[PDB]
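Novice: Sharing an experimental structure here, sequence included.
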Amino acid sequence: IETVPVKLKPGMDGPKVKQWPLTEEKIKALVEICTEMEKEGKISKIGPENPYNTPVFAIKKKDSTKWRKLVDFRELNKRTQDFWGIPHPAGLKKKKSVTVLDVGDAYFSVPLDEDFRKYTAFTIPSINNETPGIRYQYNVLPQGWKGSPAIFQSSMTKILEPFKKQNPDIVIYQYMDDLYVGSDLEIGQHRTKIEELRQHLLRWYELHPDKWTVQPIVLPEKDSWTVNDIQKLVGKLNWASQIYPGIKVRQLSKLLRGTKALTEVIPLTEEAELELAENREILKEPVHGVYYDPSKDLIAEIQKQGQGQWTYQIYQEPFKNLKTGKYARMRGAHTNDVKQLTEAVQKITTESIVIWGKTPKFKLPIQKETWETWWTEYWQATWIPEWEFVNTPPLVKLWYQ
Amino acid sequence: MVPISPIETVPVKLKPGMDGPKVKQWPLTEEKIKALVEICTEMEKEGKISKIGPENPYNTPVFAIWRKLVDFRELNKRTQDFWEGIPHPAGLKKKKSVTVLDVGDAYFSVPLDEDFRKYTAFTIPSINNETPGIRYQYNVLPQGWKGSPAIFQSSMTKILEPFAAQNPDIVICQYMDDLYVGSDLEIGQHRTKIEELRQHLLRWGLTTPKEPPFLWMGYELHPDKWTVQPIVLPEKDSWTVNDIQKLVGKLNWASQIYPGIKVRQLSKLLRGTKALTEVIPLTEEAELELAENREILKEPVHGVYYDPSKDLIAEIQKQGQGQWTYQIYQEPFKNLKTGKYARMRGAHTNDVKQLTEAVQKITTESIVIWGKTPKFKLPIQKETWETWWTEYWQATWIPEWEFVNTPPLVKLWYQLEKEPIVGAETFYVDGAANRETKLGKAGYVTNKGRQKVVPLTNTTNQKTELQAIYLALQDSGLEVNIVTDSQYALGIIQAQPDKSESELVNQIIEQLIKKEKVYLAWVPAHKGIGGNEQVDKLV
Ligand SMILES: N#Cc1ccc2c(Oc3ccccc3OCCn3ccc(=O)[nH]c3=O)cc(F)cc2c1
């Protein structure tokens, strides 16, 4: 009920980001929703003396036909003062199950700092520029802004105090508009406990981190190797030598002596099998001196394997993976690559939030224009990670498969 | 006297760390002075400005051309930043009656922030400067002020909102000083509602008075069709850079309704620019291009208006040399609009990528203009696109579309095998070059004993790494395996170009097309891999 004074970083003006084109249906949804929000005192119409603007569009969450309003507060977030720090619950990723909840409805109670409101300005765009866009600014706490959960941390603490004093074994984390609840219960007991917590929040996505672990580097096991097989093996091992100290390939490359046809079978010598075995033993061990630096950015690279299969690696320094994975999940996306990529980025970002507490910077295997054209049509998350575009085909693609 | 409705002012502040502008006044002829006095007198009588005194240390220059010309340059440099594309005729919906209303004294009908009026002060110099100049300040929006258009626009919108809400059976478009009102009502009802509207504007003190065809923003707007205003292409035996910029500009502007407009051969002359004075001759390609553009601009072509109850269709055709053209229509042979797309600046490329990019462009433009994605008619087989997007290393997508058979069709010219080929020869290739003497060697050795090493003058490592592959492609059967240690060459070939700027790469492509099956393998260099003879190209 009381507004806490919020400012910006020294030497940084408010966000002035271009509003991108929207389809007619999304514009209608935004008009209706923002009308309703205006009638509820959540947002208010502003004059032209407000030069700031933040992009806004509409989506549809999982198992819901109701349109939702999403704001790209990225620029505003990076221009918003660094809010100060609760250490990330490292026990969250170690829990058997974790449920994601959308507590965004609770933010619209706390009013926003009057002086800061002009920075949350946004515009609903008109079709064919026939009429000037509708301009709004937030009066309460806007969903997506990094300052909102920071301001609502105390309130959320006072609200969730009885539940935490009741079930101390249930880990609770909060990121943006999302609330993560980790437990070791049973899926039925889990769902009932989630109903209990959500009604607990009322009167005031089912993830399984235990099924998500880290994957190693494996080598093929054959009875008869071809020249091509041994060549690929040597390439993979040579690549892996950047990550592991003792990988040697001289005895395997010794087999490739002479010019043989790629499909010709070569029997492995004893030294070669010994070397391969030693390399396996080395690969079974974890990587040497791999740590997480909270002061550095997280980098997430994604490779398209095909047939719905995607691979990803999260790291900070090259050849020092903090996380590896393979998104093979198929829902409704069979004929669409960009949709699959979007869902993959969402999941990876989610896991990144669970593990480290922040979002990574993606390196996407897609042309800038394609992604920029279609990524909003399949986005369902309330947060938005950073990304860049790699337009040169990586050779390492089949080395993670 | 009926009270004209109060228009709430917009709070204007200067940029922090600044005060009101203070610039001296320039000497004017007595004619100018008298004219400005006569103007500002009746201006004061109308309540647009007011007399002030020495209490205001702020002043901005003013000239006269009678017409008063106040310079707010420095005040613009001191004024804060405000908010605020033109509507496209193709997106406009066909209406039975359309009225154009231009409000006279647009800025002078909107009150200025009273706490900001003190900064819009100017001084008319008296004769011979034997007296302190006459002092004035603006009480309304000044002509040429930074904040005038935005504030006037917002005011106009605030005034128009209730009439629009109360009249859903008529559509209103707002643009600067003008309002455009369309309706499908009867002409009498329409004129009545127009009079109602200008009455509603008169309540707030806005005075309103053109007939089709409307000459608006380079467009000609007819009741049932739209086009562009006649394009004037100068014909000079001696061209300059600025003339090429103007020419390309006009061609671009004309290309939104005139299909087939090409501008590549004229745009290639704009490299190494920023010198506005030059004499650049044209190639036969450029002369024929401009002549073809004159051939298209020979007879006028019109576009129709948008009808929401019909599908939106966009058809694309390849024009060659990175050029693509498209037509957006709903009914056959009746275009809503047309357009073109030129390939980006790259070293290697293919048709599918350029087509995709084009599709993206048309999609964005369409979402801007009509607020929806059109169905696409593309010159590419479903199986071609299928194979492409399924075997592409990047993620790619094209919205709902259908194959139209109007040549030239976009195809895949070659497809690398995923696995090594049984019964095919195996070419271990390699190439290297001396960094100092620019002398290199490129060649191969095969499993059947076939070898070759070619000496090359003036070349690089990468050029030889490509040359070896080219050699392998030349002297091999319809099916061939190729082993290389060049990450560069593999990096190029995996990007699947069908056209390149390097002749060597182009020749490699031409060789690839003639093949049935080609498997390209990669290996680490200098790892003592037999077959991969680096020692054969090092001598
Ligand atoms: N000078 C001038 C100018 C004039 C009109 C403009 C304009 O007409 C409309 C304004 C409001 C509702 C419908 C309108 O039209 C749709 C298509 N359309 C156009 C002309 C005609 O004669 N008939 C017809 O069907 C829209 C616009 F965006 C700019 C306009 C500019």
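Specialist: Perfect, I can see it now. Numbers count the residues shown, from 1 in each chain, chains lettered A, B, ... in the order given.

Novice: contacts and neighbour counts: CA atoms only from here.
Specialist: Fine.

Novice: Quick one: the strands in the stretch 301-401 of chain A, in order.
Specialist: A:309-315, A:321-327, A:361-364, A:386-389 (DSSP state E, counting those that start in this stretch).

Novice: Okay, now the sheet partners of the last one, with direction.
Specialist: What that stands for is strand A:386-389. Strand pairing for strand A:386-389, using DSSP bridges, gives strand A:361-364 (parallel).

Novice: Enumerate every residue touching residue B:538.
Specialist: Residue B:538 makes contact with B:432-433, B:441, according to Cα atoms under 8 Å, 6 or more residues apart in numbering or on different chains.

Novice: could you flag which of those are buried?
Specialist: B:432-433, B:441 (16 or more other Cα atoms under 10 Å in any protein chain shown).

Novice: For the stretch 151-300 of chain A, list the residues in contact with chain B, please.
Specialist: A:228, A:231-232, A:234-235, A:238, A:249-250, A:253-263 (Cα under 8 Å from any Cα of the partner chain).

Novice: picking up where we left off before, I'd like to know which of the strands of the stretch 301-401 of chain A is closest to residue B:269.
Specialist: Smallest distance to residue B:269 across the strands of the stretch 301-401 of chain A (Cα to Cα): 31.0 Å, for strand A:386-389.

Novice: ok, now which ones touch the residue in chain A that the ligand sits nearest to?
Specialist: Of all residues in chain A, residue A:130 sits closest to the ligand, at 5.2 Å by Cα to the nearest ligand atom. By Cα under 8 Å, 6+ apart, the contact list for residue A:130 reads B:86-87, B:173-175.

Novice: One more: residue A:279?
Specialist: Applying Cα under 8 Å, 6+ apart, the residues contacting residue A:279 are A:246-248.

Novice: would you turn those into CSV with neighbour count and distance to the ligand?
Specialist: Shown next, in CSV, are those (neighbours: other Cα atoms under 10 Å in any protein chain shown; distance: Cα to the nearest ligand atom, whole Å):
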residue, neighbour count, distance to the ligand
A:246, 13, 70
A:247, 21, 69
A:248, 17, 70
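
Novice: could you dump the residues you listed to JSON lines with secondary structure?
Specialist: Formatted as JSON lines, the contacts of residue A:279 follow (DSSP: H, G, I helix; E, B strand; the rest coil):
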{"residue": "A:246", "secondary structure": "coil"}
{"residue": "A:247", "secondary structure": "coil"}
{"residue": "A:248", "secondary structure": "coil"}
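
Novice: wait, which of the residues you listed is closest to chain B?
Specialist: residue A:248 (10.2 Å; Cα to the nearest Cα).

Novice: now the residue sitting furthest away from the middle of chain B: how far from residue A:260?
Specialist: In terms of distance from the mean C-alpha position of chain B, residue B:449 ranks first, at 57.5 Å (Cα atoms, centre = their mean). Distance of residue B:449 to residue A:260, given as Cα to Cα, to the nearest Å: 10 Å.

Novice: Save the strands of the stretch 301-401 of chain A as a markdown table, and put in mean neighbour count and distance to residue B:141 too.
Specialist: Conversion of the strands of the stretch 301-401 of chain A to a markdown table gives the following (neighbours: other Cα atoms under 10 Å in any protein chain shown; distance: least, Cα to Cα, whole Å):
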| stretch | mean neighbour count | distance to residue B:141 |
| --- | --- | --- |
| strand A:309-315 | 20 | 56 |
| strand A:321-327 | 18 | 60 |
| strand A:361-364 | 20 | 47 |
| strand A:386-389 | 14 | 43 |
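
Novice: For residue B:18, find the nearest of these.
Specialist: Comparing these under Cα to Cα, the one sitting nearest is strand A:386-389, at 36.9 Å.

Novice: Please name the residues that touch residue A:171.
Specialist: For residue A:171, the contact set (Cα under 8 Å, 6+ apart) comprises A:89, A:91-92, A:181-183.

Novice: for residue A:307, that is, sorry about that
Specialist: residue B:390.

Novice: ok, residue B:235 to chain A distance?
Specialist: 35 Å (Cα to the nearest Cα, to the nearest Å).

Novice: element containing that residue, please.
Specialist: Assessed by DSSP states H and E, residue B:235 sits outside every helix and strand.

Novice: Burial check on it, number of neighbours?
Specialist: 7 (other Cα atoms under 10 Å in any protein chain shown).

Novice: same deal with the one 4 residues further on?
Specialist: Look at residue B:239: counted by other Cα under 10 Å, it has 16 neighbours.

Novice: That one and residue B:142: what is the separation?
Specialist: For residue B:239, the distance to residue B:142 - Cα to Cα - is 42 Å.

Novice: what does residue A:66 give?
Specialist: 47 Å.

Novice: higher neighbour count, the two?
Specialist: residue B:142 (24 against 10).

Novice: what about that one, distance to residue B:121?
Specialist: Residue B:142 is 11 Å from residue B:121, by Cα to Cα.

Novice: Can you pull the residues of the stretch 201-350 of chain B lying near the ligand?
Specialist: Residues of the stretch 201-350 of chain B lying close to the ligand by Cα under 6 Å from any ligand atom are B:214-216, B:221-223.

Novice: and those residues, which are buried?
Specialist: The neighbour count (16+ other Cα under 10 Å) marks B:221-223 as buried among these.

Novice: how about CSV for those, with distance to residue B:529 and secondary structure added?
Specialist: Shown next, in CSV, are these (distance: Cα to Cα, whole Å; DSSP: H, G, I helix; E, B strand; the rest coil):
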residue, distance to residue B:529, secondary structure
B:221, 72, strand
B:222, 75, coil
B:223, 76, coil
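
Novice: show me the contacts for residue A:34.
Specialist: residue A:43 are the contacts of residue A:34 under Cα under 8 Å, 6+ apart.

Novice: Check for me that it belongs to a helix.
Specialist: Yes. Under three-state DSSP, residue A:34 falls within a helix.

Novice: which other residues reach stretch B:503-521?
Specialist: B:413-421, B:463, B:466-467, B:469-470, B:473-474, B:477-484, B:490, B:497-500.

Novice: Could you list the buried residues of that stretch?
Specialist: B:505-513, B:515, B:517-521.

Novice: which one among these gets closest to chain A?
Specialist: residue B:521 (8.0 Å).

Novice: Tell me which helix or strand the closest one sits in.
Specialist: Short version, using DSSP H and E: residue B:521 is in strand B:517-522.

Novice: How about residue B:149?
Specialist: Using DSSP H and E, residue B:149 falls in helix B:148-166.

Novice: Helices along chain B, start to end?
Specialist: Taking DSSP state H, the helices of chain B run over residues B:30-45, B:73-78, B:148-166, B:187-202, B:241-254, B:264-267, B:284-296, B:351-369, B:382-391, B:461-474, B:487-494, B:503-513.

Novice: now swap in chain A and tell me
Specialist: Using DSSP H, the helices found in chain A span residues A:24-39, A:74-79, A:147-151, A:153-166, A:187-203, A:227-240, A:250-253, A:270-284, A:337-356, A:368-374.

Novice: That'll do, ta.
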